[PDB]
Structures are given as C-alpha cells and as structure tokens.
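I have placed the structure first, in the form of structure tokens, so that the comments after it can refer back to it.
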Amino acid sequence: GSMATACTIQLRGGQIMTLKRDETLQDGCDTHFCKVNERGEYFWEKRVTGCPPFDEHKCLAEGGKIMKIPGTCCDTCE
C-alpha cells in the first residue's frame, strides 16, 4: 500500500524538513541523514554527540549573545 518515500524530519529550530534517500540536512546541529533499507523504507539517522555544558549567565549579562553549536544542538555564547 502506502510506503515511505522520504524522511520527514524536524529541526531543533522548529522546521519540518523533507529529505529523500541519500539526502542530508545541512544545519549546525546533530547531523540528519536519510537512508533507505533494502525493502524501500526510509530511515532517519540523527548523528548525535554531547554538547559542552553552557553558562547562559556567563553570557548575556557579561555582554554576549547565545548562538547554536555546529555538530549538535545546544546553547553557546559568542
């Protein structure tokens, strides 16, 4: 019947993205892969790591702004 034709992902920033097979999502975050099995189904692999503990107080009040980490989604300061 109906089968998977792609990987419907959601970025941490609030964005539902459509990846086809062998497609990936280029964003500074936990890398999103979309692959297909030998049966034709699509798998959404999230390449995830551990982000460094962040002091949001050590930012902002100290005169900084909070950015996004490349390679994983977490809080960081300029």
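So in my numbering, spot 16 of the sequence shown is number 8, and the numbers just go up one at a time.
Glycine is no exception: its CB is placed at the ideal position from the N, C-alpha and C atoms.
So what does DSSP say about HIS49, is it helix, strand or coil? Within the sequence shown, numbered from 1, the residue matching residue 49 stands at position 57. DSSP places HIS49 in coil when its eight states are reduced to three.
Extent of the continuous beta strand (DSSP E) run through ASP67: Position 75 of the sequence shown holds residue 67. Counting along the chain, the beta strand (DSSP E) containing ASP67 begins and ends at 67 to 69.
With distances taken Cα to Cα, identify the nearest neighbour of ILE1 among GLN18, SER(-6), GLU48. Mapped onto the sequence shown, residue 1 falls at position 9. Considering only alpha carbons, the answer is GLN18.
Own chain residues within Cβ distance below 6 Å of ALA(-4), not counting five before or after: One-based indexing of the sequence shown puts residue -4 at position 4. Taken in chain order, the residues that qualify are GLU33, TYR34.
Quick one: which unbroken beta strand (DSSP E) runs of 3-plus residues sit fully inside the stretch 7 to 45? Chain order, please. 7 to 11, 23 to 28, 34 to 39
Use the C-beta contact count for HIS49: other C-beta atoms within 10 angstroms, 16 or more gives buried, fewer gives exposed. As a first step, residue 49 must be located in the sequence shown, where it is residue number 57. Under the 10 Å beta carbon count, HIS49 is surrounded by fewer than 16 other beta carbons and is classified as exposed.
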